[PDB]
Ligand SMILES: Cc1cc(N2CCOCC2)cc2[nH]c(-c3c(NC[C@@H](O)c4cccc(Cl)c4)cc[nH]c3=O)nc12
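Below, in C-alpha cells: the form solved without the ligand, a single chain.
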C-alpha cells in the first residue's frame, strides 16, 4: 500500500515559506504574533490560565528553517494553533481578535492550493 510521504526540508521550505511571508507582510496585523507571548511584558498575567500550548510566527519560522517538520500538516496545524490561541484568549471587540480573524482569511487563501499540489 502507499506509505505516508516524508518531505525533503528544502521542498517543504520552498512550498510553505511563501504562505508564512504573506502573514508577516501584514503590518500592523501580524505584530501580535511575531514573538512568543511574554505575559509579564504584555500585562496579561492570566494568559496561561486560558492558553495551554503556546505558538507564534517566530516558532513556526525556526521549525521550517531547521527542517523540524516532516509533513506539511504539522506546519498547517501549528499556524491554526496560533490562531485558535488568539480567538480563545482575546475579546471579539479586541484588535488581536480582529487581526487574528483577518490573518486567518489570508492564510486559508494562500495555503489551500499549496496543499492540493503536495503529496
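Residue numbers count along the first chain shown, from 1.
The next section is about a form of this same protein that is not shown, the form deposited with the ligand bound.
None of the heavy atoms of residue 118 is located within 4.5 Å of the ligand in the entry with it bound. For residue 84, a non-hydrogen atom is located within 4.5 Å of the ligand in the entry with it bound, even though that partner is not displayed. Of all the residues from 103-117, those having a non-hydrogen atom no more than 4.5 Å from the ligand in the entry with it bound are 104, 105, 108, 111, 112, 115.
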